[PDB]
């Protein structure tokens, strides 16, 4: 019988390559389009990941659709943060091994602001010195951290899943340190981080909606993301979305 943490490790998606062509010069439109094309594939990876996530398949199909639509950007941004922390200690954005945006590349028109946002996530990992197991658990929590304002078709199951993974984050913290009462200080810090993710991601979500809607910027989106964004867009304009916070 395998532990839940070890399953989380085995099912974690492998880092994708972008297949960016470093031959041609960089432009804002091209870069953003490349990132979106990469995001499409990363999201498909995340869906396959969710389907293998212990617990997740028990939710109603419509709750599955809902949680993935509401949280895809969180998942992607969080992973980006992790990779950036791991490969460059938060100095560069490591989108893919073949696509790293450093200080210089950020100077492109439009890029600087959006990149500053994504780096915030990265430096959080740096500040708190997050561990792999902590990261894996927090990531699951993000999937389960945004619900519709009037709840889910199977709130029963949802609440149980959410509780299992909170417990799991617990074990992960303990495994780093032992059974001190600094353990609950850490739990606070990490739950504070999960909370601050709604604001940080909200920023990204805004840029995303903007570049999606405003055709004149000529940013392309793959069908996967386009379908999701266009469905998710009215729901966010109508503020019918509720974050689950750990704190006040």
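Numbering follows the first chain given and starts at 1.
Between the stretches 20-28 and 5-13, it is 20-28 that shows the larger average CA temperature factor.
Here 43-51 and 199-207 are compared by their mean Cα B-factor, and 199-207 comes out higher. Among 143, 76, 96, 173, the highest C-alpha B-factor recorded in the PDB entry belongs to 173.
Per the deposited coordinates, the residue with the largest Cα temperature factor out of 69, 36, 181, 58 is 181.
The deposited CA B-factor of residue 188 belongs to the highest third of values across its chain.
In the PDB entry, a CA B factor belonging to the lowest third of its chain's modelled residues is recorded for residue 158. In the PDB entry, residue 148 places in the middle third of its chain by CA B-factor. In this PDB entry, the Cα temperature factor of residue 131 sits in the middle third of its chain's modelled residues. For residue 121, the recorded CA temperature factor ranks within the middle third of the chain's modelled residues.
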